[PDB]
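Just below is one structure, and these are the notes that go with it.
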Amino acid sequence: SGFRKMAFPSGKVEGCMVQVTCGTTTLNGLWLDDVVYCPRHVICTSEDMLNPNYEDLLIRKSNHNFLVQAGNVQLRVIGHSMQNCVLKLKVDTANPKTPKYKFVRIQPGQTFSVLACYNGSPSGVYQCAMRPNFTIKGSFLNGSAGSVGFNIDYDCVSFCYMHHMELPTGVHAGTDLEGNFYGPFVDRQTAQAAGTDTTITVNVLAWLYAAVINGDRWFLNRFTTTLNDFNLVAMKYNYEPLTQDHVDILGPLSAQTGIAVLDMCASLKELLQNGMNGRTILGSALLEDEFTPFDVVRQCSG
C-alpha cells in the first residue's frame, strides 16, 4: 500500500546525457547513436537572447566550435544542422549506451519524468505533467537547458520533452525532440505570458480512485450525477471538461473499486462546492491533478 509521486528509473537516460559548449554557453545534450540533440540557444550569448537571429548566429559556427563531452571523453563533431529549435550534432562515435527509444509528442494532461542535468551530469529525477496551457511546473536552475522528459514502456524510452526556457512567472517551456515548442512559446527572451491554466479533471478522478484503493474513503457521498451537470460545476471551478473518452479511460479503476465514474463525479462535485473542511486525501490537503489513470494503475494494482 501507500501512494507517492514516482518517476521512472532514469538509468537508461543517464547514459545518454552529454555536455555541449559553443563559445561560452554550456548546457546539456542527448546523445543517441551518432547524433547529439541540444537546444539551439547554446550558440547565444547572454546579450543576444533578447531577440536572436539563429540562422545568422549559426552560420558563423564550425563543427570544431562545438565542444561535446561525455564525462571526461571529448566527442569529435563532424556535422551540424538546425531542426526547428534544436541542434543535431553528428559525432564520429555512436553512444554505446543507446537504449531502444522513440520520439513522441505528448498531450496536455499527460505526465512524464524529468532528469535534470547540469554540465552533462544528472542531478535528480522528478515527475510532472504537461499543463493544459502547455507549461510545466518543474524545478530548474540556470544551465538545466537540454534536460529531457521521458516515459519508459518496457525497455523502450519515449522522449517527449527537452528543456529550453523559464518564463517570468517561474514556469517552464520546452520542445519535443524534433525541436517544436509545446504551446505558443519561443526561445526568445521577450514577453510571453502563459495562458490561464486549468485543473486536469480526469487526473483528479484517477487520484480519487487511488485514495479509495488505499483506504481514504471519507469523501464518498451517496449521490450520483449526469455528465452534463458535472461539467457545469467543473466549468465554474476552472476544471477541464470531462469527456466520454475520459470516462472510458477511467473504466478499469471503476471496475476495480465498484464505483461508477459518474458516482465519483458526484463526490468530486461536493468536494468542489464544500471544500475539504481541513481533512486530507492521500496525505494532501488539496486535489492533486498530476496522476493519470495509467499512473494510478501502475502503482496500485501493479
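These residue numbers are counts, starting from 1, taken along the chain as shown.
Including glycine, each Cβ sits where the backbone N, Cα and C put it.
The feature ubiquitin cross-link is assigned by Swiss-Prot to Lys5, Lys90. Residues or ranges marked as active site, for 3CL-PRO activity by Swiss-Prot on the basis of sequence analysis: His41.
Counted over every protein chain shown, other Cβ atoms within 10 Å are most numerous around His41 among the recorded positions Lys5, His41.
The two recorded residues, the residue listed as 'active site, for 3CL-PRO activity' and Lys5 (ubiquitin cross-link), show a Cα separation of 32 Å.
DSSP gives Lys90 (ubiquitin cross-link) a strand state. Mapped onto three states, the DSSP output places the residue listed as 'active site, for 3CL-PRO activity' in helix.
Long-range neighbours of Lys90 (ubiquitin cross-link) (same chain, six or more residues apart, CB within less than 8 Å of its CB): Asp34, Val35, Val36, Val77, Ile78, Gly79, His80.
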